[PDB]
Every structure is written in C-alpha cells, then in structure tokens.
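Report on the structure given below.
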Amino acid sequence: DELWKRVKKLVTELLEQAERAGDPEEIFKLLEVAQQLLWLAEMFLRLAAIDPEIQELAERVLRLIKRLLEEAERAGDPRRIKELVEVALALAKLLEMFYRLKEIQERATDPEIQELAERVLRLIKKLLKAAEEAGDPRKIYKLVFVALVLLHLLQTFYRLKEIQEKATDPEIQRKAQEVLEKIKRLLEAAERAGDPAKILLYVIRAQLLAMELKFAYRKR
Amino acid sequence: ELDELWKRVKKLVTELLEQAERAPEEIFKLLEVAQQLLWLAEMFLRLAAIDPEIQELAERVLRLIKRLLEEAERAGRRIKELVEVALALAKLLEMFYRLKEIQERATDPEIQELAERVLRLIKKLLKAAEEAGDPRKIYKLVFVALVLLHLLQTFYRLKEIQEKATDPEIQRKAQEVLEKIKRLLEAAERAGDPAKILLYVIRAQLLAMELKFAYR
C-alpha cells in the first residue's frame, strides 16, 4: 500500500546518502535506519491481517506509524529520521503485543485478569492519545514505550496467574499470590499517577518481582 | 546452570532504579536502560527452553554477553550501548535456533549450500566480534550477522514459494530473485567490511520484499 511505497522510497534515498558520505560510522548509521525501515515494512504488512475495541486502537497505531513515516519523508537530517523510525518500530511492537494480549484475554477465565486487562487498556489508550497529540518524537516514544511495558506487564500477570493456578509447590503458590497482589497495587498506583516516568518505575518494580520468581520457578 | 547473568542483571537494574529515585527526563533515561536489561533477562529465560554446532555458538554468545555485562557493572549512558549489544547478541542466538529447525527440516540442496555460506560469514563476524574491544564495533558486526540470518530466513521462504506456487509466472520470477540474491551473497563474502556486507543484504532484501509484497 502507501507504506511499502513510502518505505522503499526512504530506503533508496538513505542508501544514496551513504554513498556520498565517506565517513566511517555515518555510512553504517544510514544503513541501519534503512535496515530498520525494511523490518518495519515487514512488520507493517504482517500486522495488517492479524473485540472491536482493540481494532480501533489498531487503526490509531497504524495511522500514527504512517504519520511518522510521512514526517521522515518530509525531513532531511538523518538524526530525527533515526528517531522517527524507532518510534514507528516501537508502535509496531506495541501493535503486535496488543494482538498477543487480545489472544490471552480470550483464553483466560480468571475475572481478575480480565478486570486488570481493562485497566491496562484504559492507561494504554490514554498514553496513545497523548502520543497522537504530541509533536516531539521523543515525547511520543516515551509514551509509546510506557504503553509497551504495560502490555508486557499484563502478559506477565497472565503468566503468573497460570503459575499460581497450577503450581504444586505451596511456597511458589504463596509467592506468586504475593507478587500478583503487588502487581495489582502497582497498576492501580500507575493509574493514579499521571507522570509516565513514575508509571515506568512501578512497572519495572513489578517485573523485577515477577522475573525473580520466574527465574526461581524455572525448570532446570 | 549459567544464570549468574540474571544475578548481574538484577543487580544492575536495582542499582539503576535507586539512581532514578534520587535523581526530569534523565529519570526516564535511567529506567529505559533498566527496562532493556529486564528484556535481556527475559530473553535469557526464553533461551533456557530452546546439534552441538548450535550449542557451541550459544556458549560463545552468552560468554560475550557476560563480558559486556561485566563491563557495564564496572562502567558508569555507556551501559545503554552495552546492553543493546547484548540484546542484539541475544536476538542473534534466538535466530540461530530458529534457523536450526528450518535447516534441519529442509531437503533442497541449493538452500543448504547457501545456508552454509551465510553461516560461514556469520562465524567470521562472530569471531571478529569476540576479538573486538569497542562495543560499537561489536554491535556493527552482530547487526550484520543478524541481517544475514534474516536474509537466510527469506531465502528459505522464497525457495518454498517457488516449489509450491501454482502460477508459473510467480514461480519463474522467484528463481530469478534467488539467483540475484545468490550473486549478492557471493559478493558479500568477497568484502570484509561489514558496512559493505550490510549494503549487499539491504540490496538483496529490496528484491525479495518487492515480490513478496506483490504476491498477495
């Protein structure tokens, strides 16, 4: 569609810039953006096909990616092109994780996982709307980054619920329940605090508690 | 038996978290590095579950990641660069496993002969990465190895296209693309510069992706 035409045109112009550069790492820097653009196009086409409320944000993320691609096409300095391509890549990763979340919420039966998924999607829809109204690509990236970790945290909450519901070790069962309650409190605290830097620290503090138990529960 | 890396990761993440608490936008910069370390640890667990030739390269990339992690623990902005090399190294190890199951399930002698060629180039970049000192130089070598592994995955997919396509027009064009890619891969072996190898593979992905996007 309009994505591959724009992507392939950005790669050719970026490749032609590397030819007349003559600088050591600057030529590699201009080929890394071109390589990231090709991977973005590969993710863009595969994410087009694969709850209508999740389909609305899918259009919003694709609309935002096309906006960042049109901005890179209307910019010259490869420094902001670099920044804009990795915002669209994070959006592509965010869209893929949203599909992964939509497939674990259809295969989950615990009412706390469903209630927590609605909470994380309210925070994600808020960060995504604030990203679509922002102008600085760094501000968009930070908000899309926080939305990305929120989706992964929800995926870890679903995995920990499977831990707790099938673990025979009572020590793991108690620790899993304690981690899950702390995660639910950290998500309620991330929803009560508007600062994305504070939302990010709560999610990292939740993943540290989740992965410490995942590493200990690991089959060896 | 080699998860002392998670001990190093969790020690770097917690130390980064304590810095962000007693710190504007710098607080976000210190937590994204911490977030990248957790994802690296998340890749460690994903590599725990999933051919001694693949187990030898697994130890080599983990040894390199442990070297980059030990440097980050003895260094004070630069951690971000060191963590993103280990992330590329973790991604490279994952792609080697994904290839090992398509390379074990393939019977076409032209795909195997081309797969052996790109893995010889990857083994050269990996050995040159283990001999480099600059983390930036290591990243460039692992980045080219990553795209080489991706190019081989596309070579396997294009070979399956031509061997199962009902349209003779699509089948004939696929062979022409694969021969052009085979010429670009042989030229990438003649040039030692990874920036020149990267350009040949980007020059090859453009021909592969153009037909894949057209073939609905």
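In the structure tokens, chains take the letters A, B, ... in the order shown, each chain's residues start at 1, and ligands count up from 1 in the order shown.
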
key: Interface residues on chain B facing chain A, 8 Å, only C-alpha atoms, written as a list in words   = residues 1, 10, 17, 27, 28, 31, 34, 35, 38, 42, 45, 140, 195, 198, 199, 202, 205 and 206 of chain B

Please provide as a PDB file with C-alpha atoms, in the first residue's frame all residues within 10 Å of residue 175 in chain A, with the sequence filter that same-chain residues fewer than 6 positions apart are discarded (counting only C-alpha atoms).
ATOM      1  CA  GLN A 164      -0.384 -19.841  40.841  1.00  0.00           C
ATOM      2  CA  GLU A 181      -1.209  -8.545  44.589  1.00  0.00           C
ATOM      3  CA  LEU A 209       9.395  -9.166  41.380  1.00  0.00           C
ATOM      4  CA  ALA A 210       7.827 -11.271  38.615  1.00  0.00           C
ATOM      5  CA  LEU A 213      10.026 -15.728  40.834  1.00  0.00           C
TER       6      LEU A 213
END

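With only C-alpha atoms as the atoms that count, the residue of B:185, B:14, B:19, B:139 with the shortest distance to residue 126 in chain B is B:139.
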
key: Contact residues around residue 163 in chain A with only C-alpha atoms at 8 Å, ignoring same-chain residues under 3 positions, as a PyMOL selection string   = chain A and resi 159-160+166-167+173+176

ask   = residue 53 in chain A: which residues within 12 Å, counting only C-alpha atoms, same-chain residues fewer than 4 positions away excluded, as a ChimeraX atom specification?
value = /A:57-60,98-99,102,118,121-122,125

request  = Might you pull out every residue within 9 Å of residue 88 in chain A, with only C-alpha atoms counted and same-chain residues fewer than 2 positions away left off, and present them as a ChimeraX atom specification?
outcome  = /A:40,61-62,64-66,68-69,83-86,90-93,141

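The space between CA of residue 40 in chain B and CA of residue 142 in chain B spans 15.5 Å.
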
Within 9 Å of range 83-97 of chain B using only C-alpha atoms, minus same-chain residues under 2 positions, as a PyMOL selection string = chain B and resi 33+36-37+39-40+43-44+46-47+50+54+57-58+61-62+64-66+68-69+72+78-81+99-102+135-136+138-140+142-143+145-146+149-150

I need the chosen residues saved as a compact mmCIF listing (two decimals), in the first residue's frame, with C-alpha atoms.
# COMPACT_ATOMS: atom_id res chain seq x y z
CA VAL B 33 18.14 1.13 30.38
CA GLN B 36 16.23 -3.10 28.42
CA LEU B 37 18.15 -5.17 30.98
CA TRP B 39 14.12 -7.71 28.47
CA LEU B 40 17.63 -9.14 28.10
CA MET B 43 15.41 -13.34 26.55
CA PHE B 44 17.66 -15.40 28.85
CA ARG B 46 13.29 -17.68 26.57
CA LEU B 47 16.64 -19.21 25.57
CA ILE B 50 15.12 -23.63 23.35
CA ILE B 54 24.26 -24.59 17.80
CA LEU B 57 27.59 -20.82 19.37
CA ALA B 58 25.18 -20.50 22.30
CA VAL B 61 27.26 -15.54 22.55
CA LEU B 62 26.48 -15.98 26.25
CA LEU B 64 30.20 -12.40 25.06
CA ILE B 65 27.05 -11.15 26.80
CA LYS B 66 28.63 -11.94 30.18
CA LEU B 68 29.52 -6.97 28.11
CA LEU B 69 27.54 -7.30 31.35
CA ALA B 72 28.61 -2.46 32.37
CA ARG B 78 27.50 3.66 28.13
CA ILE B 79 25.52 0.90 29.85
CA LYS B 80 22.74 1.61 27.34
CA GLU B 81 25.17 0.94 24.49
CA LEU B 99 17.31 -21.39 11.57
CA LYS B 100 18.47 -24.71 13.05
CA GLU B 101 14.91 -26.09 12.89
CA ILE B 102 14.30 -24.92 9.31
CA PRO B 135 31.27 -2.16 21.96
CA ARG B 136 30.24 -0.08 18.94
CA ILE B 138 30.91 -5.36 18.21
CA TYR B 139 27.38 -4.06 17.58
CA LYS B 140 28.07 -3.41 13.89
CA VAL B 142 26.42 -8.54 15.33
CA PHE B 143 23.99 -6.32 13.42
CA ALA B 145 25.13 -11.18 11.37
CA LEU B 146 21.53 -10.53 12.41
CA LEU B 149 20.36 -14.66 9.47
CA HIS B 150 17.23 -12.77 8.41

For residue 202 in chain A: contacts at 9 Å, only C-alpha atoms, fewer than 6 positions along chain excluded, given as a list in words =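 In the requested form, the answer reads residues 183, 186, 187, 189 and 190 of chain A.
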
For those residues, write N, CA and C atoms to a file as a short mmCIF file (atom, residue, chain, number, x, y, z; two decimals), in the first residue's frame.
data_model
loop_
_atom_site.label_atom_id
_atom_site.label_comp_id
_atom_site.auth_asym_id
_atom_site.auth_seq_id
_atom_site.Cartn_x
_atom_site.Cartn_y
_atom_site.Cartn_z
N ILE A 183 1.55 -6.49 42.01
CA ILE A 183 1.37 -6.01 40.64
C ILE A 183 0.05 -5.27 40.50
N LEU A 186 0.54 -1.93 42.05
CA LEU A 186 1.40 -1.05 41.25
C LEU A 186 0.68 -0.56 40.00
N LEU A 187 -0.25 -1.34 39.47
CA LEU A 187 -1.03 -0.88 38.33
C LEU A 187 -2.05 0.17 38.76
N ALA A 189 -1.55 2.13 41.25
CA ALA A 189 -0.74 3.31 41.52
C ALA A 189 -0.27 3.97 40.23
N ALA A 190 -0.01 3.17 39.19
CA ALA A 190 0.35 3.75 37.90
C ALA A 190 -0.84 4.45 37.25
#

inquiry  = I need the residue nearest residue 96 in chain A from this list: A:140, A:114, A:81, A:50. Use only C-alpha atoms for the distance.
reply    =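 Under the stated criterion, the closest residue is A:50.
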
Of the listed residues B:132, B:48, B:121, B:181, that which approaches residue 155 in chain B most closely, counting only C-alpha atoms = B:181
